[PDB]
Amino acid sequence: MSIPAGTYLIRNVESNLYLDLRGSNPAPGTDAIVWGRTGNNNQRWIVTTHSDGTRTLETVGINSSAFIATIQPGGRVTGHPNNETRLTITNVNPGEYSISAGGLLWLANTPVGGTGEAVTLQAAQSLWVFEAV
Amino acid sequence: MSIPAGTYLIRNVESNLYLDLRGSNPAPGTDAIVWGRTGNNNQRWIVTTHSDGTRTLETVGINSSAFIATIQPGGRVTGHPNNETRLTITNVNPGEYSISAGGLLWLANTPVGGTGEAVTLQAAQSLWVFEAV
Amino acid sequence: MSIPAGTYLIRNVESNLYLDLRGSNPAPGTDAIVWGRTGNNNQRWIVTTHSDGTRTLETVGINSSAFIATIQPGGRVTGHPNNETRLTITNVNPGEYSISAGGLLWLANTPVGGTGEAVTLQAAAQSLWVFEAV
Amino acid sequence: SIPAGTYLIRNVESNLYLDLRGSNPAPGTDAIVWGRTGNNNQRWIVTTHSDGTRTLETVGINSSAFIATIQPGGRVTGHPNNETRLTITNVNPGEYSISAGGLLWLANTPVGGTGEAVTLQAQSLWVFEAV
Amino acid sequence: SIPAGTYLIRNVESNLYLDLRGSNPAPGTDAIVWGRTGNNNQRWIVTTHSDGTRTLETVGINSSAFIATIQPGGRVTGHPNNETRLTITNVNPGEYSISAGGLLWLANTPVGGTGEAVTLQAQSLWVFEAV
Amino acid sequence: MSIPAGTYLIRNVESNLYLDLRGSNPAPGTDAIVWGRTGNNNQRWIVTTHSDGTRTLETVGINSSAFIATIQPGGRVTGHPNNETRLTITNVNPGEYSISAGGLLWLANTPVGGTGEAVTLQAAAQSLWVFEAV
Ligand SMILES: CC(=O)N[C@@H]1[C@@H](O)[C@@H](O)[C@@H](CO)O[C@@H]1O
Ligand SMILES: CC(=O)N[C@@H]1[C@@H](O)[C@@H](O)[C@@H](CO)O[C@@H]1O
Ligand SMILES: CC(=O)N[C@@H]1[C@@H](O)[C@@H](O)[C@@H](CO)O[C@@H]1O
Ligand SMILES: CC(=O)N[C@@H]1[C@@H](O)[C@@H](O)[C@@H](CO)O[C@@H]1O
Ligand SMILES: CC(=O)N[C@@H]1[C@@H](O)[C@@H](O)[C@@H](CO)O[C@@H]1O
Ligand SMILES: CC(=O)N[C@@H]1[C@@H](O)[C@@H](O)[C@@H](CO)O[C@@H]1O
């Protein structure tokens, strides 16, 4: 029904690519992309539970949290050392979840020509598997 | 040593004014000011504990969290429906705490001429008392 | 709605004086008074929660708990190293609570002539309290 | 030590149980040892405290174990609002002692068919049986 | 039901205690009822499960209560890796029954001085004494 | 480092097949196999944590737990309605774990001729598993 507290690798179902903080960069504005599996810290996301049912995601060691500065269609998911966006992670199929912020679903954008693309908010076309680290 | 989980009114020691979400406005960018005591929801802050020792503050009913878009000297504390800034709430004297974001201490700005002023980050001149609601 | 577990300074709203174990004396029969703010151990009260909603208060380091040997109108609140009274801490206004024992509300008595006076129980809410996290 | 829970508390030396005399909820009611009944006045809720101490309260009656005068010879009673912080220390596997203010509880068997209140000594072990 | 904790488990009808025969940690070791010792092979850790069931494990020996064949007459044993999910239901205040697969545990008193393994019946109550 | 309490689909890395209670049969002696992903109840394993670090697995709704009647090399993993084996679930790589009973690692056996084969214990880590939250 819900994702329990723990640390996970987060794999997009449609592309088999993993949620990835670009270059493990801890600076604000660093895009959260989907990338080939590495299992490194910038692909390990700590899931923090909140009493209202929402979730927050933070990278191990880097300590940059999933953050969206402007919650509107097309807004980009980034990593931020101090700011975080409260997310709604809802089950769609057994073992497959959607992630949304402010009612807008996360859309996985596969890399193009070797350059990763930030996850964006759509106006569920992207599902995610939460694999325990 | 630390502020435990709970809902609090947060009174600035130096001015006896309370942390207040301006006009109870739930929109992003709404300033967090200090204001005369009302005890209404925009002055009731839920303190959420995190395993790393940080804290996050959310208004009751309004559900806007304490959020700082740019963590630099002079940056303003606002309320945001979906975003939140992880804070460090440290004891200074018995019953008196400092609040900081990204290592920068919160500075209480008393209202001027009837207009509230947003709490800002200084480069501890502002202490806070956490009163259980 | 309720006071969560923690350690608090407890200030009387009507007088801005703090719940205070007189002279920090750990002996039985030591009055719990209201006194000027100090922030010392005899003004730090550990709030212990009970499953029925009641609360118990104990001073930090001194380890003397709020205690009422005779729960009747006029009875005095003291500190006791081994005995304690289960209290009902009820919200009256946002951020302002009343304290009662056996259904009798705590009454704050301000000092007279530089001498503190014990909190007492009023007959069957003239005193309210602010719980300030230590 | 004894974990949080509700127990029947039987004295080892007598096989008699901690008993709030007559299920009387008023202050001053003696805490005695009595033949087993299993009723509410023999069901003691053990509450844990972070300093390691314990407090006991009867089920439904809501009278807690209380010692007004914590000196040798003082009597254990039940009180609807007041309670005494106790130390319940393991002596043998499955057998515990109870003390208030460093003074051990002493189980007093009935004299002439009438119950006698537990007293503090300046000798009595207890088995905590989960209700 | 029985809360989580470590207990000595005494059969009411015999006053004998649940006992891992000879403290033997190997599979197939009988779970018997035996005279009180208080040793590790009589200390049972009660683990709670969200469905209401319970599992028992001996302290230090780490052998859990296990029933290979859950049918009338099946024997209760200790096993280092396998365990049987049990239902421990209150019958009277302070007295519990134990069952596996809907079949009650039956305490078997020693025959000729030798312990007899607990068996499942198609009659035995237990007191959980906190260690 | 460890698998937290929850309900998981458990996929074998080397074959991308999922731990599967054959035919969802709740009877004792029913093999635990690896099978094509379905997401059904017989592929949903509740992970119960134990204070010593061990773990137990139980199918949702069917209520049959992972069980090894004979813990030896070659012994088969089954589902059992009332008996269960305490397991050691150890991290090998990030996101990839091994499962073992009595110190013997679980070995995934892929189906042959459209017939599933039971997970077995290898002699004293050829099989790894991904725990996917349901
Ligand atoms: C080790 C490390 O930081 N790896 C990252 C990788 O995970 C991905 O984010 C990539 C984007 O160009 O940048 C780096 O190579
Ligand atoms: C009830 C309500 O929203 N009150 C607020 C008050 O708390 C303060 O924020 C003020 C700033 O001008 O605006 C309103 O009056
Ligand atoms: C440090 C200390 O014990 N201070 C106390 C103070 O808190 C108050 O109780 C006063 C009453 O006359 O007695 C002392 O000075
Ligand atoms: C039911 C009930 O309160 N029974 C009590 C019993 O427990 C014991 O206290 C006895 C002392 O004379 O008085 C009554 O019989
Ligand atoms: C210490 C120890 O294991 N003692 C056991 C005892 O508990 C009981 O199992 C008996 C059966 O013959 O065998 C031994 O004496
Ligand atoms: C729904 C159901 O029980 N499905 C199972 C499937 O999961 C697998 O175990 C297969 C083995 O032949 O048998 C059945 O079809």
# chains A, B, ... in the order shown; residues from 1 in each chain; ligands from 1

call {"tool": "residues_near_ligand", "arguments": {"ligand": "ligand 2", "cutoff": "8 Å", "atoms": "only C-alpha atoms and all ligand atoms", "output": "PDB file with C-alpha atoms, in the first residue's frame"}}
result
ATOM      1  CA  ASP B  20       3.680  33.889  12.379  1.00  0.00           C
ATOM      2  CA  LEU B  21       2.802  32.940   8.803  1.00  0.00           C
ATOM      3  CA  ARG B  22       1.704  36.244   7.292  1.00  0.00           C
ATOM      4  CA  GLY B  23      -2.066  36.424   6.926  1.00  0.00           C
ATOM      5  CA  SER B  24      -2.340  32.619   7.243  1.00  0.00           C
ATOM      6  CA  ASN B  25      -1.689  32.608   3.494  1.00  0.00           C
ATOM      7  CA  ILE B  33       7.130  36.976  10.307  1.00  0.00           C
ATOM      8  CA  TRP B  35       3.748  39.208  15.235  1.00  0.00           C
ATOM      9  CA  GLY B  36       1.621  39.852  18.287  1.00  0.00           C
ATOM     10  CA  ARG B  37       0.374  36.712  19.995  1.00  0.00           C
ATOM     11  CA  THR B  38      -2.849  35.311  18.548  1.00  0.00           C
ATOM     12  CA  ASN B  40      -4.250  30.937  15.744  1.00  0.00           C
ATOM     13  CA  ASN B  42      -0.639  30.352  11.523  1.00  0.00           C
ATOM     14  CA  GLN B  43       1.242  30.604  14.842  1.00  0.00           C
ATOM     15  CA  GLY B 114       2.011  47.798  10.999  1.00  0.00           C
ATOM     16  CA  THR B 115       3.625  45.607   8.320  1.00  0.00           C
ATOM     17  CA  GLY B 116       5.265  42.353   9.352  1.00  0.00           C
TER      18      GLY B 116
END

call {"tool": "select_by_dssp", "arguments": {"residues": "chain E", "states": "strand (DSSP E or B)", "output": "MDAnalysis selection string"}}
result
chainID E and resid 5:11 17:20 29:34 43:48 54:58 64:66 75 77:79 82:84 86:92 95:100 103:106 111 114 117 119:120 126:130

call {"tool": "residues_around", "arguments": {"residues": "residue 82 (chain D)", "least_positions_apart": "2", "cutoff": "7 Å", "atoms": "only C-alpha atoms", "output": "ChimeraX atom specification"}}
result
/C:84-86 /D:64,66,79-80

call {"tool": "residues_around", "arguments": {"residues": "region 2-9 of chain D", "least_positions_apart": "6", "cutoff": "6 Å", "atoms": "only C-alpha atoms", "output": "ChimeraX atom specification"}}
result
/D:17-18,42-48,127-131

call {"tool": "residues_near_ligand", "arguments": {"ligand": "ligand 6", "cutoff": "8 Å", "atoms": "only C-alpha atoms and all ligand atoms", "output": "PyMOL selection string"}}
result
chain F and resi 20-25+33-38+40-43+114-116

call {"tool": "residues_around", "arguments": {"residues": "residue 57 (chain B)", "least_positions_apart": "2", "cutoff": "8 Å", "atoms": "only C-alpha atoms", "output": "mmCIF file with N, CA, C and O atoms, in the first residue's frame"}}
result
data_model
loop_
_atom_site.group_PDB
_atom_site.id
_atom_site.type_symbol
_atom_site.label_atom_id
_atom_site.label_comp_id
_atom_site.auth_asym_id
_atom_site.auth_seq_id
_atom_site.Cartn_x
_atom_site.Cartn_y
_atom_site.Cartn_z
ATOM 1 N N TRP B 45 3.150 25.707 15.215
ATOM 2 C CA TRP B 45 4.147 25.055 14.374
ATOM 3 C C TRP B 45 4.384 23.633 14.865
ATOM 4 O O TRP B 45 4.830 23.429 15.999
ATOM 5 N N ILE B 46 4.086 22.662 14.008
ATOM 6 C CA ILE B 46 4.384 21.262 14.286
ATOM 7 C C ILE B 46 5.871 21.030 14.061
ATOM 8 O O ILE B 46 6.405 21.354 12.995
ATOM 9 N N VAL B 47 6.545 20.471 15.062
ATOM 10 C CA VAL B 47 7.973 20.184 14.983
ATOM 11 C C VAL B 47 8.148 18.714 14.627
ATOM 12 O O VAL B 47 7.759 17.828 15.397
ATOM 13 N N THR B 48 8.731 18.456 13.460
ATOM 14 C CA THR B 48 9.011 17.103 12.997
ATOM 15 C C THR B 48 10.489 16.798 13.200
ATOM 16 O O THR B 48 11.351 17.566 12.762
ATOM 17 N N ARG B 55 15.279 19.507 12.326
ATOM 18 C CA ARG B 55 13.860 19.682 12.591
ATOM 19 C C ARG B 55 13.212 20.376 11.403
ATOM 20 O O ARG B 55 13.864 21.132 10.678
ATOM 21 N N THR B 59 2.852 24.583 9.793
ATOM 22 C CA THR B 59 1.703 25.212 10.433
ATOM 23 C C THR B 59 0.515 24.259 10.475
ATOM 24 O O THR B 59 0.284 23.485 9.542
ATOM 25 N N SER B 65 4.950 24.724 5.404
ATOM 26 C CA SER B 65 6.147 24.458 6.184
ATOM 27 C C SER B 65 7.133 25.616 6.089
ATOM 28 O O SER B 65 7.172 26.345 5.094
ATOM 29 N N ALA B 66 7.928 25.780 7.146
ATOM 30 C CA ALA B 66 9.003 26.765 7.132
ATOM 31 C C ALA B 66 10.004 26.421 6.036
ATOM 32 O O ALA B 66 10.559 25.317 6.013
ATOM 33 N N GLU B 84 10.083 22.323 2.269
ATOM 34 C CA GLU B 84 10.477 22.594 3.643
ATOM 35 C C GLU B 84 11.994 22.607 3.733
ATOM 36 O O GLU B 84 12.681 21.915 2.979
#

call {"tool": "calpha_fit_and_write", "arguments": {"fixed": "chain A", "moving": "chain B", "output": "PDB file with C-alpha atoms, in the first residue's frame"}}
result
ATOM      1  CA  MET B   1       0.000   0.000   0.000  1.00  0.00           C
ATOM      2  CA  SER B   2       2.841   2.368   0.911  1.00  0.00           C
ATOM      3  CA  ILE B   3       6.637   2.471   0.825  1.00  0.00           C
ATOM      4  CA  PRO B   4       8.013   1.868   4.350  1.00  0.00           C
ATOM      5  CA  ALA B   5      11.009   3.642   5.835  1.00  0.00           C
ATOM      6  CA  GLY B   6      14.324   2.417   4.481  1.00  0.00           C
ATOM      7  CA  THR B   7      16.984   2.992   1.852  1.00  0.00           C
ATOM      8  CA  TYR B   8      16.196   2.039  -1.740  1.00  0.00           C
ATOM      9  CA  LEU B   9      17.410   1.990  -5.286  1.00  0.00           C
ATOM     10  CA  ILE B  10      14.586   3.433  -7.388  1.00  0.00           C
ATOM     11  CA  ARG B  11      14.287   1.940 -10.878  1.00  0.00           C
ATOM     12  CA  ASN B  12      11.976   3.383 -13.520  1.00  0.00           C
ATOM     13  CA  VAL B  13       9.875   0.524 -14.888  1.00  0.00           C
ATOM     14  CA  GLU B  14       9.625   1.784 -18.459  1.00  0.00           C
ATOM     15  CA  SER B  15      13.378   2.303 -18.963  1.00  0.00           C
ATOM     16  CA  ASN B  16      15.022   0.103 -16.275  1.00  0.00           C
ATOM     17  CA  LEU B  17      17.103   3.175 -15.392  1.00  0.00           C
ATOM     18  CA  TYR B  18      17.671   4.276 -11.800  1.00  0.00           C
ATOM     19  CA  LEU B  19      16.959   7.580 -10.078  1.00  0.00           C
ATOM     20  CA  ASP B  20      20.364   9.239  -9.989  1.00  0.00           C
ATOM     21  CA  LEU B  21      21.724  12.515  -8.619  1.00  0.00           C
ATOM     22  CA  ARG B  22      23.783  13.857 -11.511  1.00  0.00           C
ATOM     23  CA  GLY B  23      27.500  13.417 -10.898  1.00  0.00           C
ATOM     24  CA  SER B  24      26.886  12.933  -7.150  1.00  0.00           C
ATOM     25  CA  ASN B  25      27.018  16.732  -6.991  1.00  0.00           C
ATOM     26  CA  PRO B  26      25.833  18.073  -3.597  1.00  0.00           C
ATOM     27  CA  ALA B  27      25.284  21.642  -4.815  1.00  0.00           C
ATOM     28  CA  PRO B  28      21.740  23.039  -5.061  1.00  0.00           C
ATOM     29  CA  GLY B  29      20.163  22.725  -8.485  1.00  0.00           C
ATOM     30  CA  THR B  30      21.848  19.389  -9.249  1.00  0.00           C
ATOM     31  CA  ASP B  31      19.390  17.481 -11.437  1.00  0.00           C
ATOM     32  CA  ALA B  32      17.861  14.177 -10.374  1.00  0.00           C
ATOM     33  CA  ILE B  33      18.143  12.092 -13.547  1.00  0.00           C
ATOM     34  CA  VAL B  34      17.654   8.461 -14.573  1.00  0.00           C
ATOM     35  CA  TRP B  35      20.856   6.626 -15.410  1.00  0.00           C
ATOM     36  CA  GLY B  36      22.411   3.212 -15.837  1.00  0.00           C
ATOM     37  CA  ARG B  37      22.588   1.183 -12.646  1.00  0.00           C
ATOM     38  CA  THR B  38      25.662   1.866 -10.519  1.00  0.00           C
ATOM     39  CA  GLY B  39      24.513   1.247  -6.955  1.00  0.00           C
ATOM     40  CA  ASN B  40      26.636   4.173  -5.756  1.00  0.00           C
ATOM     41  CA  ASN B  41      25.492   6.642  -3.108  1.00  0.00           C
ATOM     42  CA  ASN B  42      23.912   9.047  -5.599  1.00  0.00           C
ATOM     43  CA  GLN B  43      21.497   6.214  -6.472  1.00  0.00           C
ATOM     44  CA  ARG B  44      20.685   5.220  -2.858  1.00  0.00           C
ATOM     45  CA  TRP B  45      17.632   7.121  -1.606  1.00  0.00           C
ATOM     46  CA  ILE B  46      16.614   7.143   2.057  1.00  0.00           C
ATOM     47  CA  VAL B  47      12.813   7.194   2.333  1.00  0.00           C
ATOM     48  CA  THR B  48      11.566   9.261   5.280  1.00  0.00           C
ATOM     49  CA  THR B  49       7.950   8.757   6.338  1.00  0.00           C
ATOM     50  CA  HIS B  50       5.698  11.597   7.473  1.00  0.00           C
ATOM     51  CA  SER B  51       2.541  11.292   9.552  1.00  0.00           C
ATOM     52  CA  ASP B  52       0.393  12.730   6.744  1.00  0.00           C
ATOM     53  CA  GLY B  53       1.448   9.848   4.471  1.00  0.00           C
ATOM     54  CA  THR B  54       3.956  11.814   2.395  1.00  0.00           C
ATOM     55  CA  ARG B  55       7.562  10.770   1.811  1.00  0.00           C
ATOM     56  CA  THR B  56      10.906  12.518   1.412  1.00  0.00           C
ATOM     57  CA  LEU B  57      13.962  11.145  -0.386  1.00  0.00           C
ATOM     58  CA  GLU B  58      17.592  11.811   0.562  1.00  0.00           C
ATOM     59  CA  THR B  59      20.798  10.454  -0.972  1.00  0.00           C
ATOM     60  CA  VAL B  60      23.172   8.476   1.244  1.00  0.00           C
ATOM     61  CA  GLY B  61      26.400  10.230   2.201  1.00  0.00           C
ATOM     62  CA  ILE B  62      25.750  13.124  -0.164  1.00  0.00           C
ATOM     63  CA  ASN B  63      22.735  14.104   1.990  1.00  0.00           C
ATOM     64  CA  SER B  64      21.026  15.933  -0.888  1.00  0.00           C
ATOM     65  CA  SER B  65      17.247  15.528  -0.816  1.00  0.00           C
ATOM     66  CA  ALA B  66      14.818  15.281  -3.716  1.00  0.00           C
ATOM     67  CA  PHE B  67      13.617  18.848  -4.215  1.00  0.00           C
ATOM     68  CA  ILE B  68      11.486  20.731  -6.750  1.00  0.00           C
ATOM     69  CA  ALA B  69      11.843  24.515  -6.673  1.00  0.00           C
ATOM     70  CA  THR B  70       8.724  25.303  -8.734  1.00  0.00           C
ATOM     71  CA  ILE B  71       5.888  22.763  -8.600  1.00  0.00           C
ATOM     72  CA  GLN B  72       4.341  23.176 -12.048  1.00  0.00           C
ATOM     73  CA  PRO B  73       4.192  21.072 -15.226  1.00  0.00           C
ATOM     74  CA  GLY B  74       7.722  20.774 -16.569  1.00  0.00           C
ATOM     75  CA  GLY B  75       9.396  21.604 -13.264  1.00  0.00           C
ATOM     76  CA  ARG B  76      12.611  19.682 -12.685  1.00  0.00           C
ATOM     77  CA  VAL B  77      13.484  17.383  -9.788  1.00  0.00           C
ATOM     78  CA  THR B  78      16.825  18.323  -8.228  1.00  0.00           C
ATOM     79  CA  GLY B  79      18.916  17.482  -5.176  1.00  0.00           C
ATOM     80  CA  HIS B  80      19.354  20.070  -2.432  1.00  0.00           C
ATOM     81  CA  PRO B  81      21.555  19.863   0.687  1.00  0.00           C
ATOM     82  CA  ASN B  82      18.973  21.555   2.940  1.00  0.00           C
ATOM     83  CA  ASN B  83      15.607  21.712   1.121  1.00  0.00           C
ATOM     84  CA  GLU B  84      13.225  18.876   0.318  1.00  0.00           C
ATOM     85  CA  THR B  85       9.857  18.407  -1.376  1.00  0.00           C
ATOM     86  CA  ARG B  86       7.182  16.310   0.318  1.00  0.00           C
ATOM     87  CA  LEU B  87       6.214  13.566  -2.128  1.00  0.00           C
ATOM     88  CA  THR B  88       3.222  11.271  -2.580  1.00  0.00           C
ATOM     89  CA  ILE B  89       4.355   7.745  -3.493  1.00  0.00           C
ATOM     90  CA  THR B  90       1.270   5.758  -4.490  1.00  0.00           C
ATOM     91  CA  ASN B  91       0.903   2.127  -5.515  1.00  0.00           C
ATOM     92  CA  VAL B  92      -0.310   1.491  -9.067  1.00  0.00           C
ATOM     93  CA  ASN B  93       0.449  -2.217  -9.559  1.00  0.00           C
ATOM     94  CA  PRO B  94       1.978  -4.742  -7.138  1.00  0.00           C
ATOM     95  CA  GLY B  95       5.600  -3.688  -6.724  1.00  0.00           C
ATOM     96  CA  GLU B  96       5.161  -0.606  -8.944  1.00  0.00           C
ATOM     97  CA  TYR B  97       4.627   2.916  -7.625  1.00  0.00           C
ATOM     98  CA  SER B  98       4.105   6.430  -8.917  1.00  0.00           C
ATOM     99  CA  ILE B  99       5.843   9.463  -7.412  1.00  0.00           C
ATOM    100  CA  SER B 100       4.185  12.876  -7.389  1.00  0.00           C
ATOM    101  CA  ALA B 101       4.730  16.354  -5.947  1.00  0.00           C
ATOM    102  CA  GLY B 102       1.837  18.750  -5.442  1.00  0.00           C
ATOM    103  CA  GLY B 103      -0.438  16.383  -7.340  1.00  0.00           C
ATOM    104  CA  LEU B 104       1.878  16.329 -10.382  1.00  0.00           C
ATOM    105  CA  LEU B 105       3.375  12.972 -11.345  1.00  0.00           C
ATOM    106  CA  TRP B 106       7.098  12.442 -11.842  1.00  0.00           C
ATOM    107  CA  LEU B 107       8.053  11.760 -15.462  1.00  0.00           C
ATOM    108  CA  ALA B 108      11.269   9.850 -16.122  1.00  0.00           C
ATOM    109  CA  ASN B 109      13.373  11.371 -18.918  1.00  0.00           C
ATOM    110  CA  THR B 110      15.919   8.962 -20.364  1.00  0.00           C
ATOM    111  CA  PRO B 111      19.364  10.418 -21.161  1.00  0.00           C
ATOM    112  CA  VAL B 112      20.031  11.726 -24.663  1.00  0.00           C
ATOM    113  CA  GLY B 113      23.388  11.358 -26.391  1.00  0.00           C
ATOM    114  CA  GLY B 114      25.204  10.655 -23.132  1.00  0.00           C
ATOM    115  CA  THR B 115      23.735  13.548 -21.119  1.00  0.00           C
ATOM    116  CA  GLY B 116      21.265  12.791 -18.350  1.00  0.00           C
ATOM    117  CA  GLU B 117      17.896  14.537 -18.267  1.00  0.00           C
ATOM    118  CA  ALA B 118      16.196  15.719 -15.088  1.00  0.00           C
ATOM    119  CA  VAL B 119      13.003  14.046 -13.950  1.00  0.00           C
ATOM    120  CA  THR B 120      10.143  16.458 -14.638  1.00  0.00           C
ATOM    121  CA  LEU B 121       6.551  16.953 -13.521  1.00  0.00           C
ATOM    122  CA  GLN B 122       3.833  16.078 -16.024  1.00  0.00           C
ATOM    123  CA  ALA B 123       0.526  17.915 -16.437  1.00  0.00           C
ATOM    124  CA  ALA B 124       1.050   7.817 -14.686  1.00  0.00           C
ATOM    125  CA  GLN B 125       3.501   7.399 -17.566  1.00  0.00           C
ATOM    126  CA  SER B 126       6.462   6.624 -15.266  1.00  0.00           C
ATOM    127  CA  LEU B 127       6.358   3.894 -12.625  1.00  0.00           C
ATOM    128  CA  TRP B 128       9.089   3.030 -10.141  1.00  0.00           C
ATOM    129  CA  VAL B 129      10.302  -0.098  -8.352  1.00  0.00           C
ATOM    130  CA  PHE B 130      11.719   0.410  -4.855  1.00  0.00           C
ATOM    131  CA  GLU B 131      14.588  -2.053  -4.355  1.00  0.00           C
ATOM    132  CA  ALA B 132      15.991  -2.313  -0.832  1.00  0.00           C
ATOM    133  CA  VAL B 133      19.682  -1.393  -0.760  1.00  0.00           C
TER     134      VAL B 133
END

call {"tool": "closest_residue", "arguments": {"among": "F:26, F:53, F:75, F:95", "to": "chain A", "atoms": "only C-alpha atoms"}}
result
F:95

call {"tool": "interface_residues", "arguments": {"of": "chain F", "to": "chain A", "cutoff": "10 Å", "atoms": "only C-alpha atoms", "output": "list in words"}}
result
residues 1, 2, 3, 4, 5, 6, 7, 8, 9, 10, 38, 39, 40, 41, 43, 44, 91, 93, 94, 95, 96, 97, 130, 131, 132, 133 and 134 of chain F

call {"tool": "write_last_selection", "arguments": {"atoms": "C-alpha atoms", "output": "CSV table (one decimal), in the first residue's frame"}}
result
chain,number,residue,atom,x,y,z
F,1,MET,CA,22.8,-3.6,5.4
F,2,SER,CA,19.6,-5.4,6.3
F,3,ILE,CA,16.1,-5.9,4.8
F,4,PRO,CA,13.6,-3.9,6.9
F,5,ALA,CA,10.1,-5.2,7.8
F,6,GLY,CA,7.7,-5.1,4.9
F,7,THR,CA,6.2,-7.0,2.0
F,8,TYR,CA,8.4,-7.7,-1.0
F,9,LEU,CA,8.5,-9.3,-4.3
F,10,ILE,CA,11.8,-11.2,-4.3
F,38,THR,CA,3.0,-12.3,-11.8
F,39,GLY,CA,2.7,-10.1,-8.7
F,40,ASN,CA,0.1,-12.4,-7.2
F,41,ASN,CA,-0.2,-13.3,-3.5
F,43,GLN,CA,4.8,-14.0,-5.0
F,44,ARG,CA,4.3,-11.5,-2.1
F,91,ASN,CA,23.9,-8.0,1.7
F,93,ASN,CA,26.2,-5.9,-3.3
F,94,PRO,CA,24.0,-2.7,-3.1
F,95,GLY,CA,20.5,-3.8,-3.7
F,96,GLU,CA,21.4,-7.5,-3.9
F,97,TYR,CA,21.1,-10.0,-1.1
F,130,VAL,CA,16.4,-8.2,-5.2
F,131,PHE,CA,13.8,-7.2,-2.6
F,132,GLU,CA,11.2,-5.1,-4.4
F,133,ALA,CA,8.7,-3.4,-2.1
F,134,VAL,CA,5.1,-4.4,-2.9

call {"tool": "residues_near_ligand", "arguments": {"ligand": "ligand 5", "cutoff": "8 Å", "atoms": "only C-alpha atoms and all ligand atoms", "output": "ChimeraX atom specification"}}
result
/E:19-24,32,34-37,39-42,114-115

call {"tool": "write_last_selection", "arguments": {"atoms": "N, CA and C atoms", "output": "tab-separated table (two decimals), in the first residue's frame"}}
result
chain	number	residue	atom	x	y	z
E	19	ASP	N	10.52	-27.37	29.55
E	19	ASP	CA	11.93	-27.71	29.73
E	19	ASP	C	12.45	-28.36	28.46
E	20	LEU	N	13.51	-27.78	27.89
E	20	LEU	CA	14.21	-28.39	26.76
E	20	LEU	C	15.14	-29.46	27.31
E	21	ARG	N	14.83	-30.73	27.03
E	21	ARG	CA	15.46	-31.86	27.70
E	21	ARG	C	16.98	-31.78	27.63
E	22	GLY	N	17.61	-31.67	28.80
E	22	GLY	CA	19.05	-31.68	28.90
E	22	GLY	C	19.76	-30.50	28.27
E	23	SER	N	19.04	-29.42	27.97
E	23	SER	CA	19.60	-28.23	27.32
E	23	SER	C	20.23	-28.57	25.97
E	24	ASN	N	19.73	-29.61	25.32
E	24	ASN	CA	20.32	-30.09	24.07
E	24	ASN	C	19.87	-29.21	22.91
E	32	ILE	N	9.88	-31.00	27.33
E	32	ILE	CA	9.18	-31.73	28.38
E	32	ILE	C	8.71	-30.76	29.45
E	34	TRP	N	9.30	-30.41	33.61
E	34	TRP	CA	10.32	-30.90	34.52
E	34	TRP	C	10.29	-30.04	35.78
E	35	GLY	N	10.92	-30.56	36.84
E	35	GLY	CA	11.03	-29.79	38.06
E	35	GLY	C	11.73	-28.46	37.83
E	36	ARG	N	11.38	-27.47	38.65
E	36	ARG	CA	11.87	-26.11	38.46
E	36	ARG	C	13.38	-26.05	38.64
E	37	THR	N	14.05	-25.37	37.71
E	37	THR	CA	15.49	-25.13	37.85
E	37	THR	C	15.79	-23.66	37.65
E	39	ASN	N	17.04	-22.57	34.89
E	39	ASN	CA	18.17	-22.48	33.97
E	39	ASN	C	17.68	-22.05	32.58
E	40	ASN	N	18.64	-21.89	31.66
E	40	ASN	CA	18.34	-21.35	30.34
E	40	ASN	C	17.34	-22.22	29.59
E	41	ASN	N	17.43	-23.55	29.75
E	41	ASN	CA	16.52	-24.43	29.03
E	41	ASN	C	15.09	-24.37	29.56
E	42	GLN	N	14.83	-23.56	30.59
E	42	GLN	CA	13.48	-23.27	31.04
E	42	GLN	C	13.08	-21.82	30.83
E	114	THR	N	11.69	-40.08	34.30
E	114	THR	CA	12.18	-39.55	33.03
E	114	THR	C	11.14	-38.62	32.42
E	115	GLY	N	11.61	-37.53	31.83
E	115	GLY	CA	10.69	-36.54	31.29
E	115	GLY	C	9.97	-37.03	30.05

call {"tool": "closest_atom_pairs", "arguments": {"of": "chain F", "to": "chain E", "cutoff": "9 Å", "atoms": "only C-alpha atoms", "output": "CSV"}}
result
residue,atom,partner,partner_atom,distance
F:48,CA,E:49,CA,8.4
F:50,CA,E:47,CA,8.4
F:67,CA,E:82,CA,7.7
F:68,CA,E:82,CA,7.9
F:69,CA,E:82,CA,8.0
F:71,CA,E:81,CA,8.6
F:81,CA,E:101,CA,8.5
F:82,CA,E:85,CA,5.5
F:83,CA,E:84,CA,4.5
F:84,CA,E:83,CA,5.7
F:85,CA,E:82,CA,4.5
F:86,CA,E:81,CA,5.5
F:87,CA,E:81,CA,8.0
F:101,CA,E:81,CA,7.5
F:102,CA,E:81,CA,6.4
